[PDB]
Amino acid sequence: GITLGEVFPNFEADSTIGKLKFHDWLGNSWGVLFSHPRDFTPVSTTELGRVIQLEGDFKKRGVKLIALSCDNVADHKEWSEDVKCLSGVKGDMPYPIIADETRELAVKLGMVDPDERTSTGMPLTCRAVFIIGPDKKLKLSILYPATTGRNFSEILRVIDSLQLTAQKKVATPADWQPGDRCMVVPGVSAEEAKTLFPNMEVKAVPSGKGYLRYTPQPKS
């Protein structure tokens, strides 16, 4: 498995764009790698279709997208046409699909589905998402089972928080949406906030501590 802040593997893999080396492919960029159990399956088709719908939203954020399953590349290409059909968007695939036929990555990234296997007993991946920063380090992840399609707007929501909190000295509260007030991190001193967050609110709390601090979301 991979824990937060680990450098993500500079793996080599075949895909729908040919063989790639992960750190080469990603470059100096945010990236999202996500997996699905099996090509030509229904939930997986709605998900890769949804990602097509949202591809300008990822592009606006400088976020490279890459899909993965344990199927071969020829199946990725043929299935891709079904994915396009269901997205309702016409055009080439806006992202590659890795073929993890050896289960190398499935195992290394701790993303084997607990329930879905080939008829032959081969593991398959679950619906994993890994958010990787331009530093190549793992920033956030989710492991959802095959039974449960993902919420891709939550992925974009958290890409928004992660890009903001990367540059500014805030953290985003429960249920935060882009443009909403943020929390000032406990590290910022009163004296430095005077200048940095001149309209900060300190909400009194029964403990008498001064940590419950809100500020408008900084421009970034």
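The numbering used is simple: start at 1 and walk along the sequence shown.
If you average the C-alpha B-factors over 184-192 and over 160-168, the higher value belongs to 184-192. Look at the C-alpha B-factors of 27-35 and of 54-62. On average they run higher in 54-62.
Residue set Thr148, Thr125, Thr118, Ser80: peak C-alpha B-factor at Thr118 (per PDB entry). Remark: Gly110 belongs to the middle third of its chain, ranked by C-alpha B-factor as recorded. Per the deposited record, the Cα B-factor of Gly91 falls in the highest third when ranked against the other modelled residues of its chain. The deposited CA B-factor of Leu143 belongs to the lowest third of values across its chain.
Among all modelled residues in its chain, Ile132 ranks in the lowest third by Cα B-factor.
In the PDB entry, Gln177 places in the middle third of its chain by CA B-factor.
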